[PDB]
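Asks: return atomic coordinates for the entry below.
(chains A and B, ligands or ions: 8)
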Protein chains: 2
Amino acid sequence: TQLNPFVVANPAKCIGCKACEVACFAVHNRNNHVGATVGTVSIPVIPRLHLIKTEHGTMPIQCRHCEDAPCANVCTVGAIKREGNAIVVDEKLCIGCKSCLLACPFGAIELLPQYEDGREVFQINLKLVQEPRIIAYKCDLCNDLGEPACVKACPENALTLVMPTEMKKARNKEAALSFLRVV
Amino acid sequence: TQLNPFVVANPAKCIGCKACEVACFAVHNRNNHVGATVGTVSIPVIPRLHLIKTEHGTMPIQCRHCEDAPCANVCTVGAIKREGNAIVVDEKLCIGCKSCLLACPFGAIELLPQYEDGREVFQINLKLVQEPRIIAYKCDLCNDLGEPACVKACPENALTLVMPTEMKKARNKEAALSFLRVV
Ligand code: SF4
Ligand code: SF4
Ligand code: SF4
Ligand code: SF4
Ligand code: SF4
Ligand code: SF4
Ligand code: SF4
Ligand code: SF4
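Replies: Numbering: from 1, shown residues only, chains lettered A, B, ... in the order given. Ligands and ions are numbered 1, 2, ... in the order given. Now the structure:
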């Protein structure tokens, strides 16, 4: 078992241009007839990270991939699993219980209607107009796909994928060098 | 333990040609790519003795290498130490605490930026640009190298390296011969 890497923003180099959300929506919805052209998208837009603005600038936030994740523990059905290096949600066993929305201190999980093959997904017996199935969305760290598209789509290069082992060693070395040069 | 030598000028045979400082600068900075040729000097020039000119002529002044040296005593960090026969500053531990400039009454210590391997030496955390490291420069009587270079470069042969023991004996013998020939 190894530390889960995660993606973190940077308030000094973010402008709220929303160029990281659309790349996420394009890359994580390849099965809904998208061809890197605006106009072929016959579905509503669903990103995985979220951009929010305060008086101290604008920043996006997303799942930090906690090891002892509250969302994994609270989920009774077992949709949330640690399949790969990052914690991922399964869209087959989700039942729509809002417990995840209580579990996450950061609120990186959203509940949105599911869209497959360019058309709205419907359930069997509900209410008379039918109701669409609701699915939890969160960042998968693009394990099935290649490199993350939230990074490399930033004009100012703000979002960074960090391994929490290298920063610790680098900061330790910097602190040791700073203290050794004076004494 | 014996008296330390110190170079002294001679105002009768000094002109103000500044050809004794250049030799010192060229002999101390062998690690900054100097080849006894103007053009290979890629660093600003820093001598150790300073020429001063007033109404009654001109002369150079430098460190007299005091025994109970005020500069060594006031230095809290411990940069200035009597390592050899002469008194020498240490470039590793100096922090630029300017108390030396309040200690020496002659003023043979000057604070100037350091230059190592032909480039300016910067610090770790200061100001947004960096700032150069400042070191105290003073005469070290060429202890690491051979005989003094300010002498053997003076065209008029004004600078002399005096040992304060032989000079006293010479003056005593001169006075004794002058007085004993008359009684
Ligand atoms: S919303 Fe889905 S993943 Fe979250 S607890 Fe309910 S079933 Fe599990
Ligand atoms: S959804 Fe929230 S609680 Fe769950 S792993 Fe991500 S950041 Fe942690
Ligand atoms: S890693 Fe993939 S799913 Fe996660 S925020 Fe980036 S683009 Fe979206
Ligand atoms: S693409 Fe970069 S600069 Fe633009 S909103 Fe996203 S993180 Fe901020
Ligand atoms: S300037 Fe350097 S040599 Fe002078 S007292 Fe301070 S540390 Fe010592
Ligand atoms: S720097 Fe000044 S006080 Fe210190 S030894 Fe030289 S002459 Fe004396
Ligand atoms: S004795 Fe040596 S170090 Fe001192 S001023 Fe002369 S050349 Fe420079
Ligand atoms: S080289 Fe001799 S004459 Fe020329 S400035 Fe120096 S001490 Fe005076």
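
Asks: mind listing the helices for chain A?
Replies: Counting by DSSP state H, residue ranges of the helices within chain A are A:21-28, A:70-74, A:99-103, A:166-182.

Asks: out of those helices, deepest packed?
Replies: For the helices of chain A, average neighbour numbers computed from mean count of other C-beta atoms under 10 Å in any protein chain shown are highest in helix A:21-28, which has a mean of 19. To be clear about C-beta, it is placed using only N, CA and C from the backbone, and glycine gets the same treatment.

Asks: which residues sit against that one?
Replies: Outside helix A:21-28, the residues that touch it by C-beta atoms under 8 Å, 6 or more residues apart in numbering or on different chains are A:34, A:36, A:45-51, A:60, A:139-140, A:142, A:145, A:149-150, A:152-153.

Asks: just the buried members of those residues?
Replies: Neighbour counting over the contacts of helix A:21-28 (16 or more other C-beta atoms under 10 Å in any protein chain shown) leaves A:34, A:46-49, A:51, A:60, A:139-140, A:142, A:149-150, A:153 as the buried ones.

Asks: how about the residues of chain A near ligand 7?
Replies: For chain A, the contact set with ligand 7 under C-beta under 6 Å from any ligand atom is empty.

Asks: looking at chain A, which residue is nearest ligand 8?
Replies: Closest to ligand 8 within chain A is residue A:181: 38.1 Å, counting by C-beta to the nearest ligand atom.

Asks: so that residue is in contact with residue B:133, correct?
Replies: No - between residue A:181 and residue B:133 there is no contact under C-beta atoms under 8 Å: 10.7 Å.

Asks: export the buried ones among the contacts of helix A:21-28 to JSON lines and tack on distance to residue A:67?
Replies: Formatted as JSON lines, the buried ones among the contacts of helix A:21-28 follow (distance: C-beta to C-beta, whole Å):
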{"residue": "A:34", "distance to residue A:67": "33"}
{"residue": "A:46", "distance to residue A:67": "27"}
{"residue": "A:47", "distance to residue A:67": "25"}
{"residue": "A:48", "distance to residue A:67": "20"}
{"residue": "A:49", "distance to residue A:67": "20"}
{"residue": "A:51", "distance to residue A:67": "26"}
{"residue": "A:60", "distance to residue A:67": "22"}
{"residue": "A:139", "distance to residue A:67": "16"}
{"residue": "A:140", "distance to residue A:67": "17"}
{"residue": "A:142", "distance to residue A:67": "20"}
{"residue": "A:149", "distance to residue A:67": "25"}
{"residue": "A:150", "distance to residue A:67": "21"}
{"residue": "A:153", "distance to residue A:67": "28"}
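
Asks: which residues touch the residue nearest to the spatial centre of chain A?
Replies: Ranked by distance to the mean C-alpha position of chain A (C-alpha atoms, centre = their mean), the top residue is residue A:139 at 2.2 Å. Residues near residue A:139 by C-beta under 8 Å, 6+ apart: A:7, A:24, A:48-49, A:62-63, A:86, A:108, A:150.

Asks: need those in a markdown table with distance to residue B:94, can you?
Replies: Listed next are the contacts of residue A:139 as a markdown table, based on distance: C-beta to C-beta, whole Å:
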| residue | distance to residue B:94 |
| --- | --- |
| A:7 | 45 |
| A:24 | 54 |
| A:48 | 55 |
| A:49 | 51 |
| A:62 | 49 |
| A:63 | 51 |
| A:86 | 51 |
| A:108 | 52 |
| A:150 | 49 |
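
Asks: pick out the most distant pair among those residues.
Replies: Maximum pairwise distance in these, criterion C-beta to C-beta, is 14.5 Å, between A:24 and A:86.

Asks: put together a markdown table for the helices of chain A, with distance to ligand 6 on each row.
Replies: Shown next, in a markdown table, are the helices of chain A (distance: least, C-beta to the nearest ligand atom, whole Å):
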| stretch | distance to ligand 6 |
| --- | --- |
| helix A:21-28 | 66 |
| helix A:70-74 | 68 |
| helix A:99-103 | 70 |
| helix A:166-182 | 25 |
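
Asks: between these, which one is nearest to residue B:76?
Replies: helix A:166-182 (14.0 Å).

Asks: distance of residue A:21 relative to residue A:45?
Replies: Separation of residue A:21 from residue A:45 (C-beta to C-beta, to the nearest Å) stands at 8 Å.
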